[PDB]
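Notes follow once the structure below has been shown.
Lettering of chains follows the sequences in order, A, B, ..., and the numbering in each one begins at 1. Numbering of ligands and ligand atoms starts at 1, following listing order. Quick note: numbers below take in every heavy atom, side chains included, and nothing from hydrogens, waters or symmetry partners.
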There are 2 protein chains.
Amino acid sequence: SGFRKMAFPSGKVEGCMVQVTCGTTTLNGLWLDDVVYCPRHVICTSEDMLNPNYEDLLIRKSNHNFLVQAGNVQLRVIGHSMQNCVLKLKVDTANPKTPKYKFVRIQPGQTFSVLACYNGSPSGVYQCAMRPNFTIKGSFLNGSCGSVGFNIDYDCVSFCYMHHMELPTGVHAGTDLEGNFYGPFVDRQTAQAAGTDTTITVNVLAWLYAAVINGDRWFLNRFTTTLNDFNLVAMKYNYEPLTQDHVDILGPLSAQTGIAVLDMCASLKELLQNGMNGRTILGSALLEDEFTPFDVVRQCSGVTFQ
Amino acid sequence: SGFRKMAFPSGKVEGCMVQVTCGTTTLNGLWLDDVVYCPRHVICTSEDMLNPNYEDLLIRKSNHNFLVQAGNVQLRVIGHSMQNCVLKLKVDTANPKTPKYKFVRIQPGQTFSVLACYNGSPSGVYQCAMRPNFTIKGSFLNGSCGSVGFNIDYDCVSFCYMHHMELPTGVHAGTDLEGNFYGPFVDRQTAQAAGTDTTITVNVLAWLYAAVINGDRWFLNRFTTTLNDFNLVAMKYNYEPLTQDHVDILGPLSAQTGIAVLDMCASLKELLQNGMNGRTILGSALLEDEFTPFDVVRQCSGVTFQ
Ligand SMILES: *[C@@](O)(c1nc2ccccc2o1)[C@H](C[C@@H]1CCNC1=O)NC(=O)[C@H](CC1CCCCC1)NC(=O)[C@@H](NC(=O)OCc1ccccc1)[C@@H](C)OC(C)(C)C
Ligand SMILES: *[C@@](O)(c1nc2ccccc2o1)[C@H](C[C@@H]1CCNC1=O)NC(=O)[C@H](CC1CCCCC1)NC(=O)[C@@H](NC(=O)OCc1ccccc1)[C@@H](C)OC(C)(C)C
């Protein structure tokens, strides 16, 4: 019993974090085999940030301009290249702690664990979602650039996020590990803003199923709804449209609880229209939307990793 | 910017988790140097659970009755002893991954990270508090016994919790790593219940300071209050009394924000008396009480570990 925002165990990623220093800029890098990945704006200076041309900036650098530390060990750079917004520093030593890994670009609505790091040393781990507007509501301070987000499937670390920047509203923007930004953001110090966000409907429904699995059941009703009529109510409350694919995803949770997906939609409809009226669900007074259907099944069933 | 429930990086603890099997019972153990710690009810059978005498139960066991697996490696037990409610299995091999560590018994109100494990394999990490009633609101399924809770100070893992049992309300009870239960609970299948809980006042105040550090400031007011008059309002709303020691702890956060502790108490008073009125603090519609003053400073300042 119980339901928590649960991050994946972070050990496999901790063994990959390093410090990358170029000029007066220090940030985190990700050491996998003999390559260190890090945000390319590590080559920027304090006045290069407004409108940098990273191709000129990089063609003016030597390998010895990059100081990479893995713990108290000084890694030598033997090659460098830029891929989109990430820099790849080839080093003379392969990380012996390299886990089985993949680089994956996630869809909005998907969740991942963030290992927050400063100076190549991990600070904390927490769970996030890719918001529909391609920001993440992270917890990041100066020096956290290059911290990564990730998922784990048994033994394989799927890296999906590298941190680059904070936006004026306090939310965060970054890239996949191939350096492609999530959303329209660019690694320039120019006016950018998040875009209006929406609530991840399919995830709210998953969390309601989590609540039922765990014994909260006060929000259910006898009603049902059509997918169409549900989506007309969702638009009103700034919720993402629910697709048939979302319905299908929610199948296992529906089968385990005996609550048809569309019946749980009718319950969400009533929750949207009436509020929660001083009651809580899974210890929240808000409708929670950073658990995927997979997250719920994982935590309510006990899946491990190795 | 941003504020998350942040767990400590879990790698140092992951390298210590093992599987302990005795009879038909499998649970998790903690392998530090050449000793494996685990709940003593691993020696209980399905009918021994109602009122076991662990001293007879243990005096009937041999070392070879204990199957310890560290990954795909089979550790040999060469000695066993009981200390309070934990069993200590001495094994012929010292864990080469043993971190610097301590065993500490925490006070209620203190927080810690839980590495949830099944069959010696970590499943997830999350942050908890010791509730005033000495339960924890965890997320635990069958097989999670022996999962530990912990804090980290730079390089040292302070282990503070080992999981033993779930109580009828879905909350959890366990011991320190020397096997002393937190609270009045006993490792018997007899009627036990949590005891009425209270909100951890000093932590709510810390979290309000977190909100100010992060730019939420709508809940402040010009008022102040005496410690006495605050504590009369806290009793009413089932909050823990605030002591001068709590006030002193909140000093750094007070100094960094320029908001006197008692001024923030006046704000909490107004929040208790008027509710939040459809507004949120740090993305919560509830007054959050599982962040200590130390947690806030750590996350709002960027402390790492190594
Ligand atoms: C990261 O540690 C870092 N620090 C760097 C220094 C040099 C080069 C690259 C660096 O990367 C931090 C992490 C940030 C800091 C606070 N919280 C975080 O997550 N990243 C930055 O400081 C980042 C550096 C620039 C990224 C793009 C290319 C040039 C270098 N800056 C920002 O994140 C700023 N955001 C920003 O400029 O957004 C666009 C914008 C919007 C509106 C007006 C003007 C610009 C942040 C730090 O500035 C604030 C928005 C004021 C918070
Ligand atoms: C742990 O994995 C485990 N499993 C064991 C099997 C044998 C011996 C020791 C074991 O430890 C689980 C973890 C639990 C399971 C679900 N969520 C969890 O956190 N622990 C137990 O199953 C535990 C075993 C007993 C502990 C005390 C000594 C004998 C073995 N049992 C419980 O946690 C039960 N709680 C309980 O009995 O509380 C007292 C009580 C209150 C009211 C009426 C009767 C007894 C749980 C599993 O039972 C429920 C309360 C119904 C949930």
Side-chain angles (χ1 to χ4, degrees), chain A residues 1-2 20 22-28 38-52 54 57 85 87 116-119 136 138-147 162-174 181 185-194 215 302, chain B residues 1-2 20 22-28 38-52 54 57 85 87 116-119 136 138-147 162-174 181 185-194 215 302:
Chain A
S1 166
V20 178
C22 202
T24 76
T25 300
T26 287
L27 56 80
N28 303 284
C38 75
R40 70 176 177 175
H41 64 269
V42 75
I43 63 171
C44 291
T45 65
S46 295
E47 65 278 53
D48 273 313
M49 293 180 184
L50 304 178
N51 199 353
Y54 290 96
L57 288 178
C85 297
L87 185 63
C117 289
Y118 300 90
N119 305 105
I136 66 163
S139 176
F140 283 127
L141 308 167
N142 296 317
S144 59
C145 292
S147 305
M162 176 171 278
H163 185 52
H164 290 244
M165 83 199 285
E166 180 175 302
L167 293 166
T169 51
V171 295
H172 301 101
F181 268 91
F185 311 113
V186 296
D187 52 350
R188 292 178 291 173
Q189 286 289 111
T190 64
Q192 298 170 81
Chain B
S1 166
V20 178
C22 202
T24 76
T25 300
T26 287
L27 56 80
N28 303 284
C38 75
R40 70 176 177 175
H41 64 269
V42 75
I43 63 171
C44 291
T45 65
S46 295
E47 65 278 53
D48 273 313
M49 293 180 184
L50 304 178
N51 199 353
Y54 290 96
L57 288 178
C85 297
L87 185 63
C117 289
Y118 300 90
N119 305 105
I136 66 163
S139 176
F140 283 127
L141 308 167
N142 296 317
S144 59
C145 292
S147 305
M162 176 171 278
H163 185 52
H164 290 244
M165 83 199 285
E166 180 175 302
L167 293 166
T169 51
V171 295
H172 301 101
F181 268 91
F185 311 113
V186 296
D187 52 350
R188 292 178 291 173
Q189 286 289 111
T190 64
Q192 298 170 81

Close approach of A:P39 to ligand 1, heavy atoms, under 4.0 angstrom: no
Check whether any N or O atom of [X], backbone or side chain, sits under 3.5 Å from an N or O atom of ligand 1, and answer yes or no.
X      : value
A:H164 : yes
A:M49  : no
A:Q192 : no
A:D187 : no
A:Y54  : no

Taking C-beta and beyond as the side chain, do [X] and [Y] meet within less than 4.5 Å on heavy atoms?
X      : Y      : result
B:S144 : B:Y118 : yes
B:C44  : B:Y54  : yes
B:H41  : B:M49  : no
B:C38  : B:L27  : yes

Nearest-option assignment for [atom], heavy atoms, candidates [options]:
atom                    : options                      : value
atom 1 (C) of ligand 2  : B:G138, B:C145, B:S139       : B:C145
atom 24 (C) of ligand 2 : B:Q189, B:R40, B:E166        : B:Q189
atom 43 (C) of ligand 1 : A:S46, A:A173, A:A191, A:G23 : A:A191
atom 15 (C) of ligand 1 : A:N28, A:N142, A:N51         : A:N142

Non-neighbouring partners of B:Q192 that pass side chain to side chain contact (heavy atoms under 4.5 Å, CB included), sequence neighbours left out: B:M165, B:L167, B:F185, B:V186, B:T190
Residue part near ligand 1, for A:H163, under 4.0 Å between non-hydrogen atoms: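 It is the side chain that gets close, since no backbone atom is under 4.0 Å.
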For [atom], is there a protein heavy atom at a distance under 4.0 Å?
atom                    : result
atom 22 (O) of ligand 1 : no
atom 28 (C) of ligand 1 : yes
atom 33 (O) of ligand 2 : yes

Provide, to 0.1 Å, the distance between [atom] and the closest protein heavy atom, together with that atom's residue and name.
atom                    : answer
atom 42 (C) of ligand 1 : A:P168 CG, 3.4 Å
atom 40 (C) of ligand 1 : A:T190 O, 3.1 Å
atom 9 (C) of ligand 1  : A:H41 CD2, 1.5 Å

Check: B:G143 main-chain N/O paired with B:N28 side-chain donor or acceptor under 3.5 Å: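 Confirmed, B:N28 side chain pairs with B:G143 backbone.
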Ligand 2 contact on B:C44 by region, counting heavy-atom pairs under 4.0 Å: neither
Qualifying residues under side-chain hydrogen bond (donor to acceptor under 3.5 Å, both in side chains), relative to A:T45, sequence neighbours excluded: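 Partners of A:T45 under the side-chain hydrogen bond (donor to acceptor under 3.5 Å, both in side chains) test: A:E47, A:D48.
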Nitrogen or oxygen of B:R188 less than 3.5 angstrom from that of ligand 2: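 Between B:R188 and ligand 2, no N or O pair is found under 3.5 Å apart.
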N or O contact, B:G143 vs ligand 2, cut-off under 3.5 Å: yes
